[PDB]
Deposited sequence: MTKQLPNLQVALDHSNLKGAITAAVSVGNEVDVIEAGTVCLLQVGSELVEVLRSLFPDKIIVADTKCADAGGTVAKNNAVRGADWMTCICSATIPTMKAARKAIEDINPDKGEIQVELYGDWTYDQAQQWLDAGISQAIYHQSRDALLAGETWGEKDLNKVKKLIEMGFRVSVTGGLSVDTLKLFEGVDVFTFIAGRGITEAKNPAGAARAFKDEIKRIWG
């Protein structure tokens, strides 16, 4: 399995998210409704994306902090495979979300932990023990040793790690030799002259490095 290419749809309206998704959909592995977009338009976007892409992985990036079973159910019934919980969510909250998405989506339903602020590696092990083994790591605000070592360490622990922030066809090589699960890209690709060509070039660079 090569690293996945994920497109983040972080648009402030429905037409922007749908247009971007359709423009790049055939060239990516994972299509994500980003939190900015969901807060604007609600979960019907998820259902529209599922209908357009029956076999693709679909992410509802809700960054759930509470009401885990409810939010997870609301998005799984729309067709999501993966849902994010914010790292400050409690273990009971994340477990409720995991159980609800697995209940509706036994084949692919998973929670991903969104990594923000001062999280710890003991916390991270608690996520693993809760049955949750995906985490989303963000570039500090290019990909220095401090960030890559945290990524490598999360990988050693047993996480499938997604990385996001400052990703381009040109910076992918910085991750050579690291077993990154998914690279999340956004406007770098969807705002390109040729979005599908940009998505393709990006995945072709993943092929060159990991293939």
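Gaps between the deposited sequence and the modelled coordinates occur at 1-3, 145-151, listed in sequence order.
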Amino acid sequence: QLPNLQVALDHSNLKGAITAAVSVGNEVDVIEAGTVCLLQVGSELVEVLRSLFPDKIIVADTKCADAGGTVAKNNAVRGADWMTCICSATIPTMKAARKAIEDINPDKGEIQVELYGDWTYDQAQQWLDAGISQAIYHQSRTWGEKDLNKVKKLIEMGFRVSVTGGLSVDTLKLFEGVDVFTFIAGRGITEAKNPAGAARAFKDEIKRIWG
From here on, numbers count along this sequence of modelled residues.
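Higher average CA B factor: 131-139, of the stretches 131-139 and 77-85. The stretch with the higher mean CA B factor, choosing between 160-168 and 25-33, is 160-168. In the PDB entry, residue 66 places in the middle third of its chain by CA B-factor. For residue 54, the recorded CA temperature factor ranks within the middle third of the chain's modelled residues. Ranked against the other modelled residues of its chain, the C-alpha B-factor of residue 180 as given in the entry falls in the middle third.
Per the deposited record, the Cα B-factor of residue 102 falls in the middle third when ranked against the other modelled residues of its chain.
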